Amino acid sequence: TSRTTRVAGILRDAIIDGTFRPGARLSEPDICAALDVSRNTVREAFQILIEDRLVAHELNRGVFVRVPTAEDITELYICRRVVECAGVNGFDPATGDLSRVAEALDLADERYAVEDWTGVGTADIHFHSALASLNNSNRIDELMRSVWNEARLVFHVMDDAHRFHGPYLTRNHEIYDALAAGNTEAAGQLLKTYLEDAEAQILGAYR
């Protein structure tokens, strides 16, 4: 379970960062050979990635990084609206902490400065995850893990990264600017039009 957890993390991080592309096959012998772990170690890591909703087993073809359908994307936006709007709308200026929201934005700004378009989508997910965490539930947090996973894959299937991300990064600052002014209600409306924009835009271009 610990050689496993660590093999699964290497693989998961490569899917997050787009090194394994949506649709790419994960080869058990190539992996086992390169990492020097056993087949079981690699098969258990695949199980973990399957539950994370990053990869899917094909019958006699092996394991492939997922490509989320239009329906998967609508399902993800319902989850994000529910949980991020709650986190924003329920935020308590007089007590809540915005530092991780702010760190995700500093990080996005940095990726953008270096033209790392992929890293900018990644940081956009950290920011929206930070807003879901404003709910202060570990449970909401563990559960949204596979939503953020799949939200990343959708961004890789897009391959429109440069043009897609910058106008959402600017709107992220505006959401964060309103929360930090203590205007959670305005923040929350800004975020709802955002999620709705983002969905309709991804669907408009989708496959």
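Numbering starts at 1 and runs along the sequence shown.
Decide which of the stretches 171-179 and 155-163 has the higher mean C-alpha B-factor, going by the entry. Higher mean C-alpha B-factor in the PDB entry: 155-163.
Using only the Cα atoms and their B-factors as the entry lists them, report which of 57-65 and 142-150 averages higher. Higher of the two, by average CA B-factor, is 57-65.
Which one of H128, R100, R81, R111 shows the biggest C-alpha B-factor in the PDB entry? By C-alpha B-factor in the record, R100 ranks first.
Using the temperature factors in the entry, find which of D124, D72, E115, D92 has the highest value at its Cα atom. The C-alpha B-factor peaks, among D124, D72, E115, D92, at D92.
Compare the C-alpha B factor of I31 with those of the other modelled residues in its chain, then answer lowest, middle or highest third. Within its chain, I31 is a lowest-third residue by C-alpha B-factor, going by the deposited values.
Against its chain's modelled residues, does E196's Cα B factor rank lowest, middle or highest third? Ranked within chain, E196 CA B lands in the lowest tercile.
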